[PDB]
Amino acid sequence: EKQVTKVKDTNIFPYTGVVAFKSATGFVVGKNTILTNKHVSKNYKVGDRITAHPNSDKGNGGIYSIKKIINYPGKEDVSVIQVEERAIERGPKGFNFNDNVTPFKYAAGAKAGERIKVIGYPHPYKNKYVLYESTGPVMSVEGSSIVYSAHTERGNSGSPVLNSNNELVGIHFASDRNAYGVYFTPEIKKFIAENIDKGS
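Residues numbered from 1 in each chain as written, not as in the entry; some residues may be left out. Heavy atoms only, no water.

What the entry reports as its method is X-ray crystallography, with 1.3600 Å given for the resolution.

Below, the structure is given as C-alpha cells:
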C-alpha cells in the first residue's frame, strides 16, 4: 500500500540527512559528502550551493558550496558531491557542515515486499522546498537495481530510499509501471567510500 505525507519538521532525524539542490534532492553519506543522481550533478558546478534539510523558508541546517563532483564510473545514475565544510550561511549548530547534518547508514540488504520510504523535495520550485515522504513496497532487487511502488515526482531525483529503520537501500533516479532506484551493491559502496572527503 502507498502513503504520501508532507513533512512538518525537517530538523529531526531522518530528515536531517536530506539536502536540497535548486531543482532536486540529495542526501548525506559522510564527512562533507552527499549523494545525488548524475542527471542532477550535470546541472551544477563547483561553486553552486546546496541547502541542508530546508523546510520552505522556516529554517534549515545551512547553505554550503559544492567543492567537488565525482560521477560513478559505471552506468548507474549516482554522483558523489563534496561540499566546503564551512557553511556559506550558518546552520543552528555552528559553521561546520558535519555538525548540522546526520549521514545515513546502509541497510544490510532489501527484499521484495519490504516497505521503503523515499524522502525528498518534489517539484521544489512550485512547493517552495517542502519535504515529502512517500512509502510503498519493494517490487524487486536485482544487482544494482531496486524497483519499488512508491509515489515519486520530478524533484525526487537523488532522494534516499530507506527501510523501516531509516537505513539506505538505494537512491531514487527514475519515476514510472514502477519507480527505480540504484541499489547499493559492493562496487557502488566501494566507489562511495573511496570518494568521501578525507578533510584537511
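Colleague: So what's going on with the nonpolar core? Residues and values would help.
Modeller: The nonpolar side chains of a soluble globular protein tend to be buried, and buried together. Counting residues in each nonpolar core, the largest one holds 23 residues, and the members touching the most others are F27, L35, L131, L168, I171, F184 and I192. Both domains that furnish three or more residues to this core are identified here as domain 1 (1–10 + 105–200) and domain 2 (11–104). The contact partners of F184, leaving out residues within four places of it in the chain, are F27, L35, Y106, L168, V169, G170, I171, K189 and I192. Judged by nonpolar contacts, the second largest core, of 16 residues, contains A24, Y44, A52 and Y64. (Core = buried A, V, L, I, M, F, W, Y, C linked by side-chain atoms within 4.5 Å. Buried < 20%, exposed > 50% of the residue type's maximum accessible area, 1.4 Å probe, protein only. Domains from an automatic or database assignment. Contact = heavy atoms within 4.5 Å.)

Colleague: Please provide a residue-by-residue account of helix α4 (residues 186–194), values included.
Modeller: Among all positions of α4, only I188, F191 and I192 are buried. One face of α4 carries all of its buried residues, which in axial projection span an arc of 95 degrees. Of the exposed residues in α4, the ones pointing more than 90 degrees away from its buried face are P186, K190, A193 and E194. Buried positions along α4 lie against β3 (25–30), β4 (33–36), β6 (63–71), β7 (79–83) and β15 (179–183). (Helix = DSSP H or I, 4+ residues; strand = E, 2+ residues; numbered from the N terminus. Arc of directions from axis to C-beta.)

Colleague: Can you break down the pattern of salt bridges residue by residue, with the values?
Modeller: For the structure shown, the criterion picks out 6 salt bridges. A salt bridge links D48 to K45; the nearest nitrogen and oxygen atoms lie 3.7 Å apart. Judged by its relative accessible area of 54%, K45 is exposed. Note that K190 and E194 form a salt bridge whose closest N and O atoms lie 2.8 Å from each other. Placement of the pair is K190 and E194 together in helix α4, with a separation of 4 residues, close to one helical turn. (Salt bridge = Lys/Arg side-chain N within 4 Å of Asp/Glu carboxyl O.)

Colleague: Which residues make up the domain arrangement of the protein chain, and what values go with them?
Modeller: Domains assigned within the protein chain are domain 1 (1–10 + 105–200) and domain 2 (11–104). Distance between the C-alpha centres of domain 1 and domain 2: 15 Å. With 43 residues of domain 1 at the interface, the matching set in domain 2 holds 42 residues. Roughly 3,300 Å² is buried in total at the junction of domain 1 and domain 2, and carbon and sulfur atoms are behind 61% of that figure. Considering only the surface of domain 1 that becomes buried against domain 2, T10, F191 and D197 emerge as the three largest contributors, covering 20% of it. For the pair domain 1 and domain 2, the interface holds 1 salt bridge. Residue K67 pairs with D197 through a salt bridge whose shortest N-O separation is 2.7 Å. Where domain 1 meets domain 2, there are 20 residue pairs in polar contact. For the side of domain 1 that touches domain 2, the secondary structure elements donating two or more residues are β10 (115–120), α3 (124–127), β13 (160–162), β14 (168–174) and α4. (Buried area = accessible area lost by both parts, 1.4 Å probe. Polar contact = N/O pair within 3.5 Å; in protein donor to acceptor, adjacent residues only side chain to side chain.)

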